[PDB]
Number of protein chains: 2
Amino acid sequence: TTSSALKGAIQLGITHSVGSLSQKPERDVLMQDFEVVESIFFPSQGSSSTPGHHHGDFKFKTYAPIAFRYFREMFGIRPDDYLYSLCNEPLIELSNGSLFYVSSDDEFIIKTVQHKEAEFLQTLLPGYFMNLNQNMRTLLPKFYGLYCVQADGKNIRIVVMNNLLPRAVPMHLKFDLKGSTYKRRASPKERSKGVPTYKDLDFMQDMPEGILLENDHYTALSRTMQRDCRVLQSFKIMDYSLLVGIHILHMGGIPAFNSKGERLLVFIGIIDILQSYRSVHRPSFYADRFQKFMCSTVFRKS
Amino acid sequence: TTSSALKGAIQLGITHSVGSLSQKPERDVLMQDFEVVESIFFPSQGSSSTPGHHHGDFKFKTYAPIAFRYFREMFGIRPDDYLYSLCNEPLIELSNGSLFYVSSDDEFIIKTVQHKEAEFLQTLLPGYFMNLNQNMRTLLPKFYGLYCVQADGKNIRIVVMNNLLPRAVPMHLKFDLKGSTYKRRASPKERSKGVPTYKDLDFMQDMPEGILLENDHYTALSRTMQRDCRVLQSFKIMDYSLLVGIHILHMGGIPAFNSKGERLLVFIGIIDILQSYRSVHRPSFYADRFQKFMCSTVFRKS
Ligand SMILES: Nc1ncnc2c1ncn2[C@@H]1O[C@H](COP(=O)(O)OP(=O)(O)NP(=O)(O)O)[C@@H](O)[C@H]1O
Ligand SMILES: Nc1ncnc2c1ncn2[C@@H]1O[C@H](COP(=O)(O)OP(=O)(O)NP(=O)(O)O)[C@@H](O)[C@H]1O
Ligand SMILES: [Mn+2]
Ligand SMILES: [Mn+2]
Ligand SMILES: [Mn+2]
Ligand SMILES: [Mn+2]
């Protein structure tokens with residue numbers, strides 16, 4: 001596998017990409033900043049600029065840098081913290097089209113992306129920025145960066161973002177949910193796992209009484225969802241899932257009560273947000289369903 | 001004059017336009033919201049919808065409504081306060097291409113606009129929004145609304161915004177400044193006025209020692225300028241002026257000390273921001289000059 005071959009390009013690349021930035025001084029982000037893409041050549045020899053290596057000659061494309069500085073900033077991600085947990089610490093792979101890696105400290109996920117998807121996102125940024133500065137408590141992904149790598153002719157685009165479910169809290173039940181049902185059962189292979197990543201039906205069978213929620217916690221979530229859904233819909237986006245991580249216990253997550261009655265810290269966040277039909281009311285449709293489901297069935301009041 | 005003929009269309013129009021909105025419920029603003037433009041027919045009879053009148057049949061175009069709701073909101077402009085001081089209180093005209101009106105309470109200015117200009121601005125919005133949510137203390141105009149009126153075939157576009165120099169503080173000296181000089185003297189006609197609106201040279205002759213500024217006040221202004229200039233520049237914008245209103249005294253404005261030495265509350269804000277070359281470095285040029293001027297010559301430290 002060209003796996004650890006790539007794992008390198010990333011860590012060498014970012015590190016240079018970000019150290020690069022911390023020279024250039026702070027300045028508000030501008031509509032222009034979004035469309036930019038800065039590339040950097042990595043000779044296996046190494047220039048007096050691009051040095052080190054023994055890995056596999058590649059270019060390292062960095063995307064909309066000033067924006068992702070801004071976003072990190074706004075998501076409170078100190079760069080050395082970023083650079084560190086991300087570049088000086090082996091990226092551990094992951095089974096789940098779409099290859100996921102993880103920070104050695106379970107902080108950060110990396111996805112790859114269909115070039116269609118990167119390009120979409122490039123466009124999304126402004127829309128993101130807006131939401132971000134308005135629903136401070138939105139559920140959408142926290143995109144810390146977008147970058148691409150060149151394996152000879154082959155091109156790999158990737159996005160770095162918040163692992164929603166850090167090891168730090170041991171999650172008991174884990175559902176990926178959609179408000180849909182066809183194939184929405186966790187395949188056999190998946191269920192042979194510790195805490196496995198279930199799905200709509202699994203949740204419907206295994207939990208039909210609900211996730212109970214102290215009135216005012218339900219509310220926030222609900223509106224906050226309905227806001228995200230209104231955004232997402234606006235970009236003709238589909239296939240998004242609410243990833244939920246329930247934790248029975250006997251400080252980052254949401255409080256809840258059980259079918260039985262244990263106190264619960266629950267963790268959630270919408271994902272898989274880059275496939276957009278960029279029919280006319282279809283995305284509108286998939287948003288209301290997601291809503292009515294999560295807000296009526298998955299979570300419920302008192 | 002079709003003046004008071006127009007003064008009506010505005011006050012009848014907005015009022016309907018805004019009352020209209022306060023039905024539709026709150027929701028975050030979205031990239032789409034900017035491009036929208038809602039029109040409303042005003043028969044001199046009046047529908048059961050558009051009623052009243054005896055003034056002159058017209059349509060009332062409203063621009064990017066949800067954004068200007070959002071902006072007002074963010075500039076802290078309660079609508080009834082808006083609607084009131086603006087619609088239920090005679091708009092007083094003003095001598096100064098470009099017709100200015102004023103709120104009966106000196107809160108709000110109205111300009112007209114070259115359709116080129118409206119169209120530019122329509123595009124600017126996103127860029128505005130960004131700046132706005134980052135330089136909270138920016139100097140750019142506070143655009144409370146954009147609207148247009150139809151006089152038969154004739155079309156009038158207008159923008160409502162913050163009077164920078166309310167009667168509430170009596171301004172002694174008043175300069176419109178640019179960091180340029182050709183014709184930058186206040187014409188004779190102008191000087192025959194109470195406090196008149198001077199200009200670069202007038203300021204250079206009448207005040208050459210400066211406007212003195214307690215270190216940390218100078219700083220903010222300076223960066224805040226340099227931010228605005230970096231925005232403005234990005235939109236290939238030109239002819240903008242820093243409007244200054246100095247007030248000798250013996251709570252909204254800036255503190256300062258004199259050539260002599262009186263305490264001073266100074267009021268400022270960049271204007272005339274809609275003419276953009278939308279040469280290649282020219283706007284960049286006009287920004288640095290504006291900067292170096294206001295920051296070296298017009299204001300200076302200690
Ligand atoms: N931010 C995240 N935090 C934790 N786990 C994640 C995150 N993103 C993805 N995953 C895991 O990977 C699964 C989702 O992959 P997904 O993001 O839906 O990409 P995909 O490959 O397009 N799958 P599909 O829904 O068929 O399109 C989830 O069920 C999670 O368990
Ligand atoms: N927000 C404001 N507050 C107070 N006065 C204003 C404001 N905007 C404009 N004015 C007054 O009107 C003058 C500027 O008109 P301006 O906005 O420059 O439009 P213009 O008609 O394009 N003039 P020009 O600079 O030749 O293009 C200023 O010197 C002010 O005295
Ligand atoms: Mn998915
Ligand atoms: Mn997907
Ligand atoms: Mn001007
Ligand atoms: Mn002008």
# chains A, B, ... in the order shown; residues from 1 in each chain; ligands from 1

$ select_by_dssp --residues "range 101-238 of chain B" --states "alpha helix (DSSP H)" --output "PyMOL selection string"
chain B and resi 115-132+188-191+200-206+216-234

$ write_last_selection --atoms "N, CA and C atoms" --output "compact mmCIF listing (two decimals), in the first residue's frame"
# COMPACT_ATOMS: atom_id res chain seq x y z
N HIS B 115 -27.83 53.23 -10.56
CA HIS B 115 -28.14 51.80 -10.63
C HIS B 115 -26.87 50.93 -10.65
N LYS B 116 -25.80 51.38 -11.32
CA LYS B 116 -24.49 50.68 -11.25
C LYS B 116 -24.19 50.37 -9.81
N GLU B 117 -24.26 51.43 -8.99
CA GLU B 117 -23.98 51.37 -7.56
C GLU B 117 -24.87 50.38 -6.81
N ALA B 118 -26.18 50.54 -6.84
CA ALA B 118 -27.01 49.50 -6.26
C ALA B 118 -26.49 48.12 -6.67
N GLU B 119 -26.49 47.82 -7.96
CA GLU B 119 -26.02 46.51 -8.40
C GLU B 119 -24.68 46.10 -7.74
N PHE B 120 -23.72 47.01 -7.65
CA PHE B 120 -22.44 46.69 -6.98
C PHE B 120 -22.69 46.19 -5.59
N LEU B 121 -23.46 46.99 -4.87
CA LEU B 121 -23.73 46.77 -3.48
C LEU B 121 -24.41 45.44 -3.31
N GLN B 122 -25.44 45.19 -4.10
CA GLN B 122 -26.08 43.89 -4.06
C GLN B 122 -25.01 42.84 -3.96
N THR B 123 -23.94 43.00 -4.73
CA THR B 123 -22.87 42.01 -4.74
C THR B 123 -22.00 42.06 -3.48
N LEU B 124 -21.68 43.27 -3.08
CA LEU B 124 -20.92 43.53 -1.86
C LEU B 124 -21.43 42.82 -0.60
N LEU B 125 -22.74 42.70 -0.46
CA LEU B 125 -23.34 42.24 0.79
C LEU B 125 -22.54 41.13 1.48
N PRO B 126 -22.42 39.98 0.85
CA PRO B 126 -21.59 38.96 1.45
C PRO B 126 -20.27 39.50 2.01
N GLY B 127 -19.56 40.27 1.19
CA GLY B 127 -18.29 40.85 1.67
C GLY B 127 -18.47 41.73 2.90
N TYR B 128 -19.58 42.46 2.93
CA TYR B 128 -19.95 43.32 4.04
C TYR B 128 -20.12 42.42 5.24
N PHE B 129 -21.15 41.58 5.21
CA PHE B 129 -21.36 40.60 6.24
C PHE B 129 -20.05 40.07 6.82
N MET B 130 -19.04 39.84 6.01
CA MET B 130 -17.87 39.18 6.56
C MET B 130 -17.12 40.13 7.43
N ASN B 131 -16.82 41.27 6.85
CA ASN B 131 -16.16 42.35 7.57
C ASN B 131 -16.91 42.62 8.84
N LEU B 132 -18.20 42.86 8.70
CA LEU B 132 -19.04 43.21 9.83
C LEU B 132 -18.83 42.26 10.99
N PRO B 188 -16.19 78.34 -2.30
CA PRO B 188 -16.80 79.53 -1.70
C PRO B 188 -18.24 79.33 -1.16
N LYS B 189 -19.13 78.84 -2.04
CA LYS B 189 -20.53 78.59 -1.68
C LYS B 189 -20.65 77.82 -0.36
N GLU B 190 -19.79 76.81 -0.20
CA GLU B 190 -19.78 75.96 1.01
C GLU B 190 -19.35 76.72 2.28
N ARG B 191 -18.42 77.67 2.14
CA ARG B 191 -17.77 78.28 3.30
C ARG B 191 -18.73 79.29 3.93
N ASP B 200 -9.35 68.35 2.38
CA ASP B 200 -7.96 68.07 2.70
C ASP B 200 -7.16 69.33 2.97
N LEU B 201 -7.20 70.25 2.02
CA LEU B 201 -6.31 71.40 2.07
C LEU B 201 -6.72 72.33 3.20
N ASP B 202 -8.03 72.54 3.32
CA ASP B 202 -8.57 73.35 4.38
C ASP B 202 -7.99 72.80 5.65
N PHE B 203 -8.09 71.49 5.85
CA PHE B 203 -7.52 70.88 7.05
C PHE B 203 -6.01 71.12 7.18
N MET B 204 -5.30 70.99 6.07
CA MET B 204 -3.86 71.18 6.07
C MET B 204 -3.47 72.61 6.44
N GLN B 205 -4.19 73.59 5.88
CA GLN B 205 -3.98 75.01 6.22
C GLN B 205 -4.46 75.29 7.65
N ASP B 206 -5.72 74.95 7.94
CA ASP B 206 -6.37 75.35 9.19
C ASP B 206 -5.98 74.55 10.42
N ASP B 216 -3.25 54.71 22.72
CA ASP B 216 -4.11 53.54 22.52
C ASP B 216 -5.41 53.79 21.75
N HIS B 217 -5.83 55.06 21.65
CA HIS B 217 -6.94 55.46 20.77
C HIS B 217 -6.53 55.56 19.31
N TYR B 218 -5.39 56.18 19.09
CA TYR B 218 -4.80 56.19 17.77
C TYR B 218 -4.69 54.77 17.19
N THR B 219 -4.11 53.86 17.97
CA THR B 219 -3.90 52.48 17.55
C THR B 219 -5.13 51.82 16.95
N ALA B 220 -6.19 51.75 17.75
CA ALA B 220 -7.42 51.08 17.36
C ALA B 220 -7.83 51.62 16.03
N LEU B 221 -8.05 52.93 16.02
CA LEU B 221 -8.45 53.61 14.81
C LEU B 221 -7.58 53.16 13.65
N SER B 222 -6.28 53.32 13.82
CA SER B 222 -5.35 52.94 12.79
C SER B 222 -5.58 51.52 12.26
N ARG B 223 -5.52 50.51 13.13
CA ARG B 223 -5.75 49.15 12.64
C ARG B 223 -7.13 49.05 11.99
N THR B 224 -8.13 49.65 12.64
CA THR B 224 -9.49 49.57 12.17
C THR B 224 -9.61 50.20 10.84
N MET B 225 -8.81 51.21 10.60
CA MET B 225 -8.78 51.78 9.29
C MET B 225 -8.14 50.76 8.38
N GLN B 226 -6.93 50.39 8.72
CA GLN B 226 -6.16 49.52 7.85
C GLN B 226 -6.95 48.26 7.50
N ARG B 227 -7.88 47.86 8.35
CA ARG B 227 -8.74 46.75 8.02
C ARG B 227 -9.73 47.16 6.96
N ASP B 228 -10.46 48.23 7.21
CA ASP B 228 -11.39 48.76 6.22
C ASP B 228 -10.75 49.01 4.85
N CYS B 229 -9.61 49.68 4.87
CA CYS B 229 -8.87 49.86 3.66
C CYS B 229 -8.55 48.52 2.99
N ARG B 230 -8.17 47.50 3.74
CA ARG B 230 -7.88 46.23 3.09
C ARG B 230 -9.16 45.64 2.47
N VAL B 231 -10.30 45.74 3.14
CA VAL B 231 -11.56 45.33 2.50
C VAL B 231 -11.80 46.08 1.22
N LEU B 232 -11.77 47.40 1.32
CA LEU B 232 -12.29 48.28 0.29
C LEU B 232 -11.54 48.08 -0.98
N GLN B 233 -10.24 48.07 -0.80
CA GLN B 233 -9.27 47.72 -1.78
C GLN B 233 -9.65 46.43 -2.45
N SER B 234 -9.92 45.39 -1.69
CA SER B 234 -10.33 44.12 -2.30
C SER B 234 -11.48 44.28 -3.28

$ residues_near_ligand --ligand "ligand 6" --cutoff "10 Å" --atoms "only C-alpha atoms and all ligand atoms" --output "ChimeraX atom specification"
/B:97-98,113,238-241,271-275

$ write_last_selection --atoms "N, CA, C and O atoms" --output "mmCIF file, in the first residue's frame"
data_model
loop_
_atom_site.group_PDB
_atom_site.id
_atom_site.type_symbol
_atom_site.label_atom_id
_atom_site.label_comp_id
_atom_site.auth_asym_id
_atom_site.auth_seq_id
_atom_site.Cartn_x
_atom_site.Cartn_y
_atom_site.Cartn_z
ATOM 1 N N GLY B 97 -25.281 65.211 -8.911
ATOM 2 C CA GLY B 97 -25.728 63.826 -8.918
ATOM 3 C C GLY B 97 -25.496 63.157 -7.579
ATOM 4 O O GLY B 97 -24.341 62.930 -7.198
ATOM 5 N N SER B 98 -26.606 62.850 -6.888
ATOM 6 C CA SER B 98 -26.667 62.225 -5.537
ATOM 7 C C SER B 98 -27.529 63.136 -4.657
ATOM 8 O O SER B 98 -27.044 64.179 -4.207
ATOM 9 N N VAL B 113 -28.951 56.319 -5.566
ATOM 10 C CA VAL B 113 -27.796 55.656 -6.169
ATOM 11 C C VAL B 113 -27.914 55.347 -7.668
ATOM 12 O O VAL B 113 -28.957 54.859 -8.157
ATOM 13 N N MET B 238 -13.033 52.992 -4.889
ATOM 14 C CA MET B 238 -12.365 54.296 -4.953
ATOM 15 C C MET B 238 -13.286 55.504 -4.594
ATOM 16 O O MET B 238 -14.519 55.359 -4.419
ATOM 17 N N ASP B 239 -12.687 56.704 -4.606
ATOM 18 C CA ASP B 239 -13.315 57.986 -4.221
ATOM 19 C C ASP B 239 -13.858 58.075 -2.762
ATOM 20 O O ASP B 239 -14.519 59.051 -2.393
ATOM 21 N N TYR B 240 -13.536 57.104 -1.909
ATOM 22 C CA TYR B 240 -14.110 57.098 -0.547
ATOM 23 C C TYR B 240 -13.468 58.162 0.309
ATOM 24 O O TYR B 240 -12.286 58.470 0.161
ATOM 25 N N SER B 241 -14.255 58.728 1.209
ATOM 26 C CA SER B 241 -13.772 59.818 2.021
ATOM 27 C C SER B 241 -13.928 59.463 3.473
ATOM 28 O O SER B 241 -14.910 58.833 3.843
ATOM 29 N N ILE B 271 -17.061 56.969 3.915
ATOM 30 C CA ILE B 271 -18.245 57.092 3.065
ATOM 31 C C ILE B 271 -17.985 56.960 1.570
ATOM 32 O O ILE B 271 -16.840 56.880 1.112
ATOM 33 N N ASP B 272 -19.075 56.939 0.810
ATOM 34 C CA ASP B 272 -18.995 56.974 -0.647
ATOM 35 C C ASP B 272 -18.152 55.807 -1.132
ATOM 36 O O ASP B 272 -17.021 55.953 -1.584
ATOM 37 N N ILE B 273 -18.751 54.637 -1.029
ATOM 38 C CA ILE B 273 -18.020 53.385 -1.023
ATOM 39 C C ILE B 273 -18.452 52.460 -2.179
ATOM 40 O O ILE B 273 -17.896 51.370 -2.358
ATOM 41 N N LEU B 274 -19.368 52.956 -3.020
ATOM 42 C CA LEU B 274 -20.047 52.146 -4.040
ATOM 43 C C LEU B 274 -19.530 52.282 -5.486
ATOM 44 O O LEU B 274 -19.875 51.460 -6.351
ATOM 45 N N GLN B 275 -18.714 53.296 -5.749
ATOM 46 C CA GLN B 275 -18.049 53.409 -7.040
ATOM 47 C C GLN B 275 -16.811 52.519 -7.005
ATOM 48 O O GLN B 275 -15.824 52.863 -6.343
#

$ residues_near_ligand --ligand "ligand 1" --cutoff "9 Å" --atoms "only C-alpha atoms and all ligand atoms" --output "tab-separated table (two decimals) with C-alpha atoms, in the first residue's frame"
chain	number	residue	atom	x	y	z
A	95	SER	CA	-12.07	0.68	8.07
A	96	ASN	CA	-15.42	2.33	7.07
A	97	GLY	CA	-15.08	4.78	-1.39
A	98	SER	CA	-13.95	7.21	1.39
A	99	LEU	CA	-10.75	6.43	3.41
A	100	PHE	CA	-10.70	7.71	7.03
A	108	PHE	CA	-9.09	14.78	14.57
A	109	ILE	CA	-10.56	12.83	11.68
A	110	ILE	CA	-9.32	12.90	8.12
A	111	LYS	CA	-11.54	11.97	5.18
A	113	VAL	CA	-12.91	13.37	-1.00
A	141	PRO	CA	-18.75	19.57	10.71
A	142	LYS	CA	-15.87	21.61	11.91
A	161	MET	CA	-12.17	17.82	10.93
A	162	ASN	CA	-13.45	17.08	14.44
A	163	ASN	CA	-13.66	13.51	15.59
A	164	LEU	CA	-17.11	13.68	17.15
A	165	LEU	CA	-16.59	10.71	19.39
A	166	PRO	CA	-13.25	10.85	21.16
A	174	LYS	CA	-23.32	4.55	18.52
A	175	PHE	CA	-25.92	5.28	15.80
A	176	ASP	CA	-25.46	6.80	12.31
A	177	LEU	CA	-28.93	8.05	11.49
A	178	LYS	CA	-30.81	9.56	8.54
A	196	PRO	CA	-20.73	-0.91	16.78
A	197	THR	CA	-22.09	1.83	14.48
A	198	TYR	CA	-25.79	0.97	14.24
A	199	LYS	CA	-28.51	2.73	12.21
A	239	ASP	CA	-27.23	11.75	2.35
A	240	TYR	CA	-26.23	13.56	5.61
A	241	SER	CA	-26.39	11.60	8.81
A	242	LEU	CA	-26.77	12.57	12.43
A	243	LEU	CA	-24.00	10.69	14.17
A	244	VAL	CA	-25.06	9.99	17.75
A	245	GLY	CA	-22.94	8.65	20.63
A	268	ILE	CA	-23.90	14.33	18.26
A	269	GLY	CA	-23.03	15.96	15.00
A	270	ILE	CA	-24.19	16.02	11.44
A	271	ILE	CA	-21.89	14.47	8.84
A	272	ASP	CA	-21.36	13.61	5.19
A	273	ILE	CA	-22.38	16.99	3.95
A	274	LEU	CA	-20.55	17.38	0.60
A	275	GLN	CA	-22.71	15.39	-1.84

$ residues_around --residues "residue 249 in chain B" --least-positions-apart "6" --cutoff "9 Å" --atoms "only C-alpha atoms" --output "number ranges by chain"
B: 262-265

$ write_last_selection --atoms "N, CA and C atoms" --output "PDB file, in the first residue's frame"
ATOM      1  N   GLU B 262      -7.638  71.847  24.116  1.00  0.00           N
ATOM      2  CA  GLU B 262      -8.978  71.457  24.615  1.00  0.00           C
ATOM      3  C   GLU B 262      -9.285  69.941  24.456  1.00  0.00           C
ATOM      4  N   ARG B 263     -10.062  69.382  25.378  1.00  0.00           N
ATOM      5  CA  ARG B 263     -10.543  68.020  25.189  1.00  0.00           C
ATOM      6  C   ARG B 263     -11.541  68.036  23.999  1.00  0.00           C
ATOM      7  N   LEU B 264     -11.537  66.942  23.230  1.00  0.00           N
ATOM      8  CA  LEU B 264     -12.267  66.846  21.961  1.00  0.00           C
ATOM      9  C   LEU B 264     -12.976  65.519  21.862  1.00  0.00           C
ATOM     10  N   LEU B 265     -14.275  65.543  21.553  1.00  0.00           N
ATOM     11  CA  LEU B 265     -14.988  64.336  21.120  1.00  0.00           C
ATOM     12  C   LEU B 265     -15.111  64.374  19.572  1.00  0.00           C
TER      13      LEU B 265
END

$ interface_residues --of "chain B" --to "chain A" --cutoff "7 Å" --atoms "only C-alpha atoms" --output "NGL selection string"
:B and (28 or 30-31 or 127 or 134)

$ closest_residue --among "B:210, B:46, B:90, B:253" --to "residue 170 in chain B" --atoms "only C-alpha atoms"
B:253

$ residues_around --residues "residue 212 in chain B" --least-positions-apart "6" --cutoff "8 Å" --atoms "only C-alpha atoms" --output "ChimeraX atom specification"
/B:256-259,299-302

$ write_last_selection --atoms "C-alpha atoms" --output "mmCIF file, in the first residue's frame"
data_model
loop_
_atom_site.group_PDB
_atom_site.id
_atom_site.type_symbol
_atom_site.label_atom_id
_atom_site.label_comp_id
_atom_site.auth_asym_id
_atom_site.auth_seq_id
_atom_site.Cartn_x
_atom_site.Cartn_y
_atom_site.Cartn_z
ATOM 1 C CA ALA B 256 -8.671 63.873 21.571
ATOM 2 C CA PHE B 257 -6.452 66.841 22.483
ATOM 3 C CA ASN B 258 -5.962 70.074 20.426
ATOM 4 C CA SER B 259 -3.189 72.144 18.807
ATOM 5 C CA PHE B 299 -4.398 61.916 13.437
ATOM 6 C CA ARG B 300 -1.061 61.601 15.254
ATOM 7 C CA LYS B 301 0.067 60.033 18.590
ATOM 8 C CA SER B 302 0.680 61.557 22.063
#

$ residues_around --residues "residue 9 in chain A" --least-positions-apart "6" --cutoff "8 Å" --atoms "only C-alpha atoms" --output "JSON, numbers by chain"
{"A": [55, 58, 60, 149]}

$ decode --residues "range 154-168 of chain B" --atoms "N, CA, C and O atoms" --output "compact mmCIF listing (two decimals), in the first residue's frame"
# COMPACT_ATOMS: atom_id res chain seq x y z
N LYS B 154 -39.41 56.25 -15.02
CA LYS B 154 -38.25 56.62 -14.20
C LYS B 154 -38.12 55.71 -12.96
O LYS B 154 -39.12 55.32 -12.35
N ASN B 155 -36.87 55.38 -12.61
CA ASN B 155 -36.53 54.52 -11.45
C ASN B 155 -35.59 55.15 -10.42
O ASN B 155 -34.49 55.56 -10.73
N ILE B 156 -35.99 55.20 -9.16
CA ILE B 156 -35.10 55.73 -8.14
C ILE B 156 -34.68 54.67 -7.11
O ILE B 156 -35.51 54.05 -6.45
N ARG B 157 -33.36 54.50 -6.99
CA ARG B 157 -32.77 53.53 -6.11
C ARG B 157 -32.27 54.35 -4.96
O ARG B 157 -31.69 55.41 -5.20
N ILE B 158 -32.47 53.87 -3.73
CA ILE B 158 -31.92 54.57 -2.54
C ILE B 158 -31.41 53.66 -1.45
O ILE B 158 -31.88 52.53 -1.30
N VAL B 159 -30.49 54.22 -0.66
CA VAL B 159 -29.88 53.51 0.45
C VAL B 159 -30.00 54.34 1.72
O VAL B 159 -29.65 55.51 1.74
N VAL B 160 -30.48 53.68 2.77
CA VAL B 160 -30.65 54.26 4.09
C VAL B 160 -29.49 53.85 4.95
O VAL B 160 -29.04 52.70 4.88
N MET B 161 -29.02 54.74 5.81
CA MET B 161 -27.79 54.49 6.52
C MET B 161 -27.61 55.46 7.67
O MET B 161 -28.44 56.32 7.87
N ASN B 162 -26.54 55.30 8.44
CA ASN B 162 -26.31 56.10 9.64
C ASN B 162 -25.84 57.52 9.38
O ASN B 162 -24.71 57.71 8.90
N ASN B 163 -26.63 58.52 9.73
CA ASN B 163 -26.06 59.85 9.80
C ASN B 163 -24.90 59.81 10.81
O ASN B 163 -25.03 59.34 11.93
N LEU B 164 -23.74 60.27 10.37
CA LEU B 164 -22.53 60.07 11.14
C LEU B 164 -22.36 61.20 12.12
O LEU B 164 -21.52 61.15 13.03
N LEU B 165 -23.16 62.24 11.93
CA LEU B 165 -22.93 63.52 12.56
C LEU B 165 -24.27 64.07 12.99
O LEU B 165 -24.81 64.98 12.36
N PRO B 166 -24.81 63.51 14.09
CA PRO B 166 -26.16 63.88 14.50
C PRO B 166 -26.15 65.26 15.16
O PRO B 166 -25.09 65.68 15.65
N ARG B 167 -27.29 65.96 15.13
CA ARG B 167 -27.37 67.32 15.70
C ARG B 167 -27.05 67.26 17.19
O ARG B 167 -26.42 68.18 17.74
N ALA B 168 -27.49 66.17 17.81
CA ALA B 168 -27.25 65.86 19.22
C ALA B 168 -25.87 66.31 19.75
O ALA B 168 -25.78 66.82 20.87
